[PDB]
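Read the structure below first, then the notes.
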Amino acid sequence: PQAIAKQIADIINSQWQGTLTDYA
Amino acid sequence: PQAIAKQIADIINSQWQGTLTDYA
Amino acid sequence: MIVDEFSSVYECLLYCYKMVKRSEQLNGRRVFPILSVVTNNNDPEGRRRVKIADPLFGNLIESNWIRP
Amino acid sequence: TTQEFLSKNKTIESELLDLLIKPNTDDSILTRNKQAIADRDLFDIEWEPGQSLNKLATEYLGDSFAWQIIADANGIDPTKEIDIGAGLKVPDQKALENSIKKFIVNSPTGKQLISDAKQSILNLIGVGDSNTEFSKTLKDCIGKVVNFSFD
Amino acid sequence: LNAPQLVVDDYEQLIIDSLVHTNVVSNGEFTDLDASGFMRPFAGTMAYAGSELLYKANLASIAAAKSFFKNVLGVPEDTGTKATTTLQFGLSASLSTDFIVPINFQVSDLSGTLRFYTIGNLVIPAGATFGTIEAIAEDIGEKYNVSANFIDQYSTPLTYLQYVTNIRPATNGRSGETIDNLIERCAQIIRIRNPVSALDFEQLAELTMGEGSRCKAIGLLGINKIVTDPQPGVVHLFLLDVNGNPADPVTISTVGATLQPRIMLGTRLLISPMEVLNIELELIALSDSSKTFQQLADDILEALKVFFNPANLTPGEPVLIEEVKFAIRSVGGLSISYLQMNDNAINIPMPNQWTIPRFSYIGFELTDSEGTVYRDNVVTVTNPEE
Amino acid sequence: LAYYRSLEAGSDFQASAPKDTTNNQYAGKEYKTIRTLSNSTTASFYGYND
């Protein structure tokens, strides 16, 4: 619930770090 | 699945609204 | 503010949210000066205005009166 | 200066400023009880020794001050005597809410849903000021300092 | 409003009487009659509910009368009247295009406290230099009844707009009506059917001609306006328009058309403008120093403007100097020494049955206890005619 | 009034005319001779018995 809401930030944040690193 | 997709979306929304009020 | 390389997605978005306002105001505007050809210089009002054929409209339509 | 006028019969300047007496029924002491609870929503009890409107309000409506509704539902002066064996009509609790007529009123601000019923039911429903929004309560107390006149 | 009170309804009185009657009911067995003693909590608790119930019990008859006056003859609940004037706008130069002054254009006086707004859009055609349009006061009240050329300050600037002023003195500023005026309005509806015996007085002064006008109905008065020559079957009406002046011929035509289907067949209706008598006042008064001289002068001027309202004056009736002095003294904070009206200290009779007074000038000479003499002069009318 | 106006009477001339709004426009009012094509030339009319 809040645990998973947070886990989701961590996921989205890291996914959007992946995109930053995935791009020229 | 869709239930959780929606939950995750709502989590993200409240985390974004959180960020709106987190920053000056 | 200062958005570094240690920032989260939400803050990256928020920064864009607040800083895109000027770009929004620029929509439907003319930012830079233009070069144009004078097509009409007879001003009925005697205000020394001329009509131009700006490249934006490709001479398909006429423009407004332009003041000196 | 002077303008000689003779008698006429039908003019529109007189229709402009003509009818004055208007029989509109507006909120007043004699219009509080216009609305009536439907007969299908009532119970037809009989008056027996030891009965009072307080008892009927308590058993059927759960509140001692609800008797005003019962009397208003029967046209009864409470301080008058109810004969033994005379019939009375007691409103149901759950069937009292369907006497609340909702209609749309138009305003320069906008459409508003408005409740209408006999004033006794309106007072009973709004008991404790639970239905009204806190903004209304704050509005009526905004003008605390009240202008008074001195002699 | 003046309704009998069924029972005594007062908190402290209820407490005191309850204690005394508790003493009386017992044969003096209860002696704690101290209205602020140890029995004060009990008696006060009872008296709070007693007063909050008897206060509503005392309203029964007035509620019945109000319900009668409201339901069977709907009478609007009058709130007031806003002053109206005619503004003239003047342009700086002759334009080749038609100038537009928008709706709700705000103008004000020099002090900036009284504000008027245009009724609608004003279109000054190209080549013109001035244009007129009506303006209404910001709020109700008699303080907006200003003179001519007073409202000339405007905040929002328009292109080539040179000036703006008011050509007419703003009038009909009313803060509301008292209970007696509303009672009279209700009663006239009860008795106006078939106007006979000076209900023509009532049918035009506040109806079919506006609010702020005056009428005077005289029977058997011919076209010569001579009393000693009665003409049976003739009713003569003398009219003062909504602006406070003798009635315009268009208003005469309007009132004649309105009243034609209501007069008796065979009778002759004559309508003519009313006449005005100008009253000039000189006041010598002693001030008690409880108000400043300017405040006293303003209060006296406002009181006299109330007194000489055509709604408060009966045409053809003499002006009584004692009544004027009482109206002045009702302001308070002063002591009248001398009052002159039209260069005399006697009552002023109207020249004829259809003349209304209209006070125009007043001079103040106020003396305080310290001995300063404050002298001032105020002209209230635009000119001796209007 | 003429005496007062003559004190501040200028000598410059205006080629335009005032207008209330920039969006609003006005048309010409005068037909001014531009140039003289010919002081004296012969001319004929056509469209009559032709």
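The way I read the labels, and the way they are meant: chains A, B, ... in the order of the structure tokens, residue 1 as the first residue of every chain, and ligand 1 as the first ligand shown, with later ones counted on from there.
The neighbours of residue 12 of chain B here are the residues that come within 10 Å of it, using only C-alpha atoms and leaving out any residue fewer than 3 positions away in the same chain; they are residues 5, 6, 8, 9 and 12 of chain A; 6, 7, 8, 9, 15, 16, 17 and 18 of chain B; 10 of chain C.
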Take chain B, lay it over chain A with a least-squares fit on all the Cα atoms in order, then hand it over as a PDB file with N, CA, C and O atoms, in the first residue's frame.
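Writing the result to selection_20.pdb gives the following:
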```pdb
ATOM      1  N   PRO B   1       0.882  -1.077  -0.077  1.00  0.00           N
ATOM      2  CA  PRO B   1       0.084   0.148  -0.056  1.00  0.00           C
ATOM      3  C   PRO B   1       0.995   1.374  -0.042  1.00  0.00           C
ATOM      4  O   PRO B   1       1.145   1.934  -1.122  1.00  0.00           O
ATOM      5  N   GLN B   2       1.568   1.818   1.089  1.00  0.00           N
ATOM      6  CA  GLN B   2       2.551   2.911   1.080  1.00  0.00           C
ATOM      7  C   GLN B   2       3.877   2.250   0.771  1.00  0.00           C
ATOM      8  O   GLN B   2       4.681   2.806   0.039  1.00  0.00           O
ATOM      9  N   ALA B   3       4.118   1.068   1.327  1.00  0.00           N
ATOM     10  CA  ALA B   3       5.329   0.330   0.995  1.00  0.00           C
ATOM     11  C   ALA B   3       5.424   0.206  -0.506  1.00  0.00           C
ATOM     12  O   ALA B   3       6.451   0.545  -1.081  1.00  0.00           O
ATOM     13  N   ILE B   4       4.340  -0.238  -1.161  1.00  0.00           N
ATOM     14  CA  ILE B   4       4.381  -0.446  -2.607  1.00  0.00           C
ATOM     15  C   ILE B   4       4.346   0.874  -3.357  1.00  0.00           C
ATOM     16  O   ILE B   4       4.936   0.971  -4.408  1.00  0.00           O
ATOM     17  N   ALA B   5       3.683   1.893  -2.826  1.00  0.00           N
ATOM     18  CA  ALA B   5       3.706   3.202  -3.473  1.00  0.00           C
ATOM     19  C   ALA B   5       5.143   3.655  -3.570  1.00  0.00           C
ATOM     20  O   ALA B   5       5.570   4.137  -4.615  1.00  0.00           O
ATOM     21  N   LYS B   6       5.891   3.496  -2.485  1.00  0.00           N
ATOM     22  CA  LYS B   6       7.298   3.869  -2.476  1.00  0.00           C
ATOM     23  C   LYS B   6       8.089   2.999  -3.436  1.00  0.00           C
ATOM     24  O   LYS B   6       8.912   3.505  -4.175  1.00  0.00           O
ATOM     25  N   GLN B   7       7.846   1.693  -3.422  1.00  0.00           N
ATOM     26  CA  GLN B   7       8.540   0.789  -4.336  1.00  0.00           C
ATOM     27  C   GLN B   7       8.309   1.236  -5.756  1.00  0.00           C
ATOM     28  O   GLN B   7       9.245   1.322  -6.523  1.00  0.00           O
ATOM     29  N   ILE B   8       7.062   1.527  -6.099  1.00  0.00           N
ATOM     30  CA  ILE B   8       6.709   1.925  -7.460  1.00  0.00           C
ATOM     31  C   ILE B   8       7.412   3.226  -7.801  1.00  0.00           C
ATOM     32  O   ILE B   8       7.949   3.367  -8.884  1.00  0.00           O
ATOM     33  N   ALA B   9       7.415   4.175  -6.874  1.00  0.00           N
ATOM     34  CA  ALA B   9       8.111   5.438  -7.100  1.00  0.00           C
ATOM     35  C   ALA B   9       9.577   5.189  -7.392  1.00  0.00           C
ATOM     36  O   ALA B   9      10.120   5.768  -8.318  1.00  0.00           O
ATOM     37  N   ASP B  10      10.212   4.320  -6.613  1.00  0.00           N
ATOM     38  CA  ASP B  10      11.633   4.011  -6.799  1.00  0.00           C
ATOM     39  C   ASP B  10      11.858   3.295  -8.115  1.00  0.00           C
ATOM     40  O   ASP B  10      12.875   3.514  -8.765  1.00  0.00           O
ATOM     41  N   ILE B  11      10.928   2.428  -8.500  1.00  0.00           N
ATOM     42  CA  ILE B  11      11.023   1.736  -9.781  1.00  0.00           C
ATOM     43  C   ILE B  11      11.035   2.811 -10.842  1.00  0.00           C
ATOM     44  O   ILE B  11      11.917   2.830 -11.672  1.00  0.00           O
ATOM     45  N   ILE B  12      10.076   3.725 -10.790  1.00  0.00           N
ATOM     46  CA  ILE B  12       9.965   4.774 -11.805  1.00  0.00           C
ATOM     47  C   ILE B  12      11.246   5.593 -11.859  1.00  0.00           C
ATOM     48  O   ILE B  12      11.725   5.918 -12.939  1.00  0.00           O
ATOM     49  N   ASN B  13      11.798   5.931 -10.701  1.00  0.00           N
ATOM     50  CA  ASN B  13      13.028   6.717 -10.656  1.00  0.00           C
ATOM     51  C   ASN B  13      14.141   5.994 -11.385  1.00  0.00           C
ATOM     52  O   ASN B  13      14.799   6.583 -12.227  1.00  0.00           O
ATOM     53  N   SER B  14      14.336   4.715 -11.081  1.00  0.00           N
ATOM     54  CA  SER B  14      15.411   3.935 -11.706  1.00  0.00           C
ATOM     55  C   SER B  14      15.141   3.682 -13.176  1.00  0.00           C
ATOM     56  O   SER B  14      16.077   3.565 -13.959  1.00  0.00           O
ATOM     57  N   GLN B  15      13.873   3.733 -13.578  1.00  0.00           N
ATOM     58  CA  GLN B  15      13.531   3.596 -14.994  1.00  0.00           C
ATOM     59  C   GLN B  15      13.771   4.914 -15.710  1.00  0.00           C
ATOM     60  O   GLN B  15      14.031   4.932 -16.910  1.00  0.00           O
ATOM     61  N   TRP B  16      13.699   6.020 -14.976  1.00  0.00           N
ATOM     62  CA  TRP B  16      13.958   7.333 -15.561  1.00  0.00           C
ATOM     63  C   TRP B  16      15.455   7.534 -15.643  1.00  0.00           C
ATOM     64  O   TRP B  16      15.960   8.090 -16.611  1.00  0.00           O
ATOM     65  N   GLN B  17      16.176   7.073 -14.627  1.00  0.00           N
ATOM     66  CA  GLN B  17      17.628   7.165 -14.654  1.00  0.00           C
ATOM     67  C   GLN B  17      18.105   6.230 -15.732  1.00  0.00           C
ATOM     68  O   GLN B  17      19.106   6.499 -16.394  1.00  0.00           O
ATOM     69  N   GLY B  18      17.395   5.122 -15.912  1.00  0.00           N
ATOM     70  CA  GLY B  18      17.727   4.208 -16.984  1.00  0.00           C
ATOM     71  C   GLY B  18      17.595   4.964 -18.282  1.00  0.00           C
ATOM     72  O   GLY B  18      18.531   4.986 -19.053  1.00  0.00           O
ATOM     73  N   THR B  19      16.457   5.619 -18.504  1.00  0.00           N
ATOM     74  CA  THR B  19      16.232   6.385 -19.734  1.00  0.00           C
ATOM     75  C   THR B  19      17.265   7.497 -19.950  1.00  0.00           C
ATOM     76  O   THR B  19      17.642   7.780 -21.088  1.00  0.00           O
ATOM     77  N   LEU B  20      17.764   8.094 -18.870  1.00  0.00           N
ATOM     78  CA  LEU B  20      18.790   9.119 -19.000  1.00  0.00           C
ATOM     79  C   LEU B  20      20.023   8.502 -19.626  1.00  0.00           C
ATOM     80  O   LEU B  20      20.626   9.078 -20.530  1.00  0.00           O
ATOM     81  N   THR B  21      20.393   7.316 -19.156  1.00  0.00           N
ATOM     82  CA  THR B  21      21.555   6.636 -19.706  1.00  0.00           C
ATOM     83  C   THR B  21      21.232   5.798 -20.939  1.00  0.00           C
ATOM     84  O   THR B  21      22.126   5.260 -21.551  1.00  0.00           O
ATOM     85  N   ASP B  22      19.960   5.672 -21.298  1.00  0.00           N
ATOM     86  CA  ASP B  22      19.588   4.862 -22.447  1.00  0.00           C
ATOM     87  C   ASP B  22      19.687   5.687 -23.695  1.00  0.00           C
ATOM     88  O   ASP B  22      19.989   5.171 -24.766  1.00  0.00           O
ATOM     89  N   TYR B  23      19.436   6.979 -23.560  1.00  0.00           N
ATOM     90  CA  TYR B  23      19.440   7.840 -24.723  1.00  0.00           C
ATOM     91  C   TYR B  23      20.728   8.642 -24.809  1.00  0.00           C
ATOM     92  O   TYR B  23      21.341   8.939 -23.783  1.00  0.00           O
ATOM     93  N   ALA B  24      21.150   8.979 -26.026  1.00  0.00           N
ATOM     94  CA  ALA B  24      22.404   9.698 -26.203  1.00  0.00           C
ATOM     95  C   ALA B  24      22.228  11.198 -25.998  1.00  0.00           C
ATOM     96  O   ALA B  24      22.070  11.954 -26.956  1.00  0.00           O
TER      97      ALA B  24
END
```
> Excluding same-chain residues fewer than 5 positions from segment 60-67 of chain C, what lies within 7 Å of it counting only C-alpha atoms, as a VMD selection string?
Replying inline: chain C and resid 48 to 53
Selection file, N, CA, C and O atoms, as a short mmCIF file (atom, residue, chain, number, x, y, z; two decimals), in the first residue's frame:
```cif
data_model
loop_
_atom_site.label_atom_id
_atom_site.label_comp_id
_atom_site.auth_asym_id
_atom_site.auth_seq_id
_atom_site.Cartn_x
_atom_site.Cartn_y
_atom_site.Cartn_z
N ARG C 48 1.82 56.66 -43.24
CA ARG C 48 3.10 56.17 -43.76
C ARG C 48 3.31 54.70 -43.44
O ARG C 48 4.43 54.26 -43.15
N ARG C 49 2.24 53.92 -43.50
CA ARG C 49 2.31 52.49 -43.28
C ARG C 49 2.39 51.76 -44.61
O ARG C 49 1.98 52.27 -45.66
N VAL C 50 2.95 50.55 -44.57
CA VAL C 50 3.12 49.73 -45.76
C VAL C 50 2.61 48.32 -45.49
O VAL C 50 2.56 47.86 -44.35
N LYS C 51 2.24 47.64 -46.57
CA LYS C 51 1.87 46.24 -46.52
C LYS C 51 3.01 45.39 -47.07
O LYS C 51 3.70 45.79 -48.01
N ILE C 52 3.19 44.22 -46.48
CA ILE C 52 4.33 43.36 -46.79
C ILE C 52 3.82 42.00 -47.24
O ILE C 52 2.65 41.65 -47.08
N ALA C 53 4.74 41.22 -47.82
CA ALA C 53 4.49 39.82 -48.19
C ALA C 53 5.51 38.99 -47.42
O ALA C 53 6.59 38.67 -47.94
#
```
>> Applying 10 Å and only C-alpha atoms, which residues near residue 102 of chain D remain after dropping the ones on its own chain fewer than 6 positions away? List them as a VMD selection string.
In response: chain D and resid 112 to 117
Selection file, C-alpha atoms, as an mmCIF file, in the first residue's frame:
```
data_model
loop_
_atom_site.group_PDB
_atom_site.id
_atom_site.type_symbol
_atom_site.label_atom_id
_atom_site.label_comp_id
_atom_site.auth_asym_id
_atom_site.auth_seq_id
_atom_site.Cartn_x
_atom_site.Cartn_y
_atom_site.Cartn_z
ATOM 1 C CA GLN D 112 -29.982 24.709 -6.873
ATOM 2 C CA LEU D 113 -31.683 21.612 -5.515
ATOM 3 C CA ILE D 114 -34.085 22.699 -2.767
ATOM 4 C CA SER D 115 -35.920 20.605 -0.154
ATOM 5 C CA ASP D 116 -39.589 21.371 0.518
ATOM 6 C CA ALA D 117 -41.831 20.014 3.278
#
```
Give me, as JSON lines, the closest atom pair and its distance (Å, one decimal) for every residue of chain E within a cut-off of 9 Å of chain F, counting only C-alpha atoms, rows sorted by chain and rising number.
```
{"residue": "E:93", "atom": "CA", "partner": "F:18", "partner_atom": "CA", "distance": 7.5}
{"residue": "E:94", "atom": "CA", "partner": "F:18", "partner_atom": "CA", "distance": 7.3}
{"residue": "E:95", "atom": "CA", "partner": "F:18", "partner_atom": "CA", "distance": 5.1}
{"residue": "E:96", "atom": "CA", "partner": "F:19", "partner_atom": "CA", "distance": 5.6}
{"residue": "E:97", "atom": "CA", "partner": "F:19", "partner_atom": "CA", "distance": 5.3}
{"residue": "E:98", "atom": "CA", "partner": "F:20", "partner_atom": "CA", "distance": 7.2}
{"residue": "E:99", "atom": "CA", "partner": "F:20", "partner_atom": "CA", "distance": 5.7}
{"residue": "E:100", "atom": "CA", "partner": "F:20", "partner_atom": "CA", "distance": 8.0}
{"residue": "E:126", "atom": "CA", "partner": "F:19", "partner_atom": "CA", "distance": 8.9}
{"residue": "E:158", "atom": "CA", "partner": "F:20", "partner_atom": "CA", "distance": 8.6}
{"residue": "E:159", "atom": "CA", "partner": "F:20", "partner_atom": "CA", "distance": 6.1}
{"residue": "E:160", "atom": "CA", "partner": "F:20", "partner_atom": "CA", "distance": 7.1}
```
> Counting only C-alpha atoms, what is within 6 Å of residue 366 of chain E, bar same-chain residues fewer than 6 positions away, as number ranges by chain?
Replying inline: E: 284-286, 373-374
Keeping only N, CA, C and O atoms, write those residues as a short mmCIF file (atom, residue, chain, number, x, y, z; two decimals), in the first residue's frame.
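result_20.cif, written as the output of this step:
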```cif
data_model
loop_
_atom_site.label_atom_id
_atom_site.label_comp_id
_atom_site.auth_asym_id
_atom_site.auth_seq_id
_atom_site.Cartn_x
_atom_site.Cartn_y
_atom_site.Cartn_z
N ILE E 284 -28.67 81.32 13.33
CA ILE E 284 -27.71 81.74 14.34
C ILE E 284 -27.90 80.80 15.52
O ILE E 284 -28.97 80.80 16.14
N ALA E 285 -26.88 80.00 15.82
CA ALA E 285 -27.01 78.96 16.82
C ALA E 285 -25.77 78.92 17.70
O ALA E 285 -24.68 79.33 17.29
N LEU E 286 -25.96 78.41 18.91
CA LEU E 286 -24.88 78.25 19.88
C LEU E 286 -24.50 76.78 19.95
O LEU E 286 -25.36 75.92 20.17
N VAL E 373 -16.64 82.33 16.11
CA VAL E 373 -17.83 82.45 15.27
C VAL E 373 -17.50 81.80 13.93
O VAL E 373 -16.63 82.28 13.19
N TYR E 374 -18.19 80.72 13.62
CA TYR E 374 -18.04 80.00 12.36
C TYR E 374 -19.17 80.43 11.43
O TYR E 374 -20.34 80.18 11.72
#
```
>> Just want the 9 Å neighbourhood of segment 79-82 of chain E, counted on only C-alpha atoms, with same-chain residues fewer than 2 positions away dropped. Output as a list in words.
In response: residues 77, 84, 136, 137, 138, 139, 140, 141, 142, 144, 171, 172, 173, 174, 175, 176, 177 and 211 of chain E
Preceding selection exported with C-alpha atoms as a PDB file, in the first residue's frame:
```pdb
ATOM      1  CA  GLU E  77     -39.679  44.625   0.462  1.00  0.00           C
ATOM      2  CA  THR E  84     -29.054  58.768 -11.115  1.00  0.00           C
ATOM      3  CA  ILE E 136     -26.302  55.358 -11.561  1.00  0.00           C
ATOM      4  CA  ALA E 137     -24.753  55.673  -8.120  1.00  0.00           C
ATOM      5  CA  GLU E 138     -22.612  52.883  -6.715  1.00  0.00           C
ATOM      6  CA  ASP E 139     -24.849  52.398  -3.673  1.00  0.00           C
ATOM      7  CA  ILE E 140     -28.170  53.525  -2.208  1.00  0.00           C
ATOM      8  CA  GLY E 141     -28.422  56.556   0.058  1.00  0.00           C
ATOM      9  CA  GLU E 142     -29.086  60.284   0.185  1.00  0.00           C
ATOM     10  CA  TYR E 144     -25.214  60.518  -3.578  1.00  0.00           C
ATOM     11  CA  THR E 171     -31.429  62.818  -7.367  1.00  0.00           C
ATOM     12  CA  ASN E 172     -33.673  60.109  -5.891  1.00  0.00           C
ATOM     13  CA  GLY E 173     -30.996  58.807  -3.554  1.00  0.00           C
ATOM     14  CA  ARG E 174     -32.905  56.906  -0.866  1.00  0.00           C
ATOM     15  CA  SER E 175     -31.516  54.735   1.922  1.00  0.00           C
ATOM     16  CA  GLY E 176     -34.819  52.901   2.341  1.00  0.00           C
ATOM     17  CA  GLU E 177     -38.223  53.405   3.903  1.00  0.00           C
ATOM     18  CA  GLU E 211     -40.509  57.366  -7.056  1.00  0.00           C
TER      19      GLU E 211
END
```
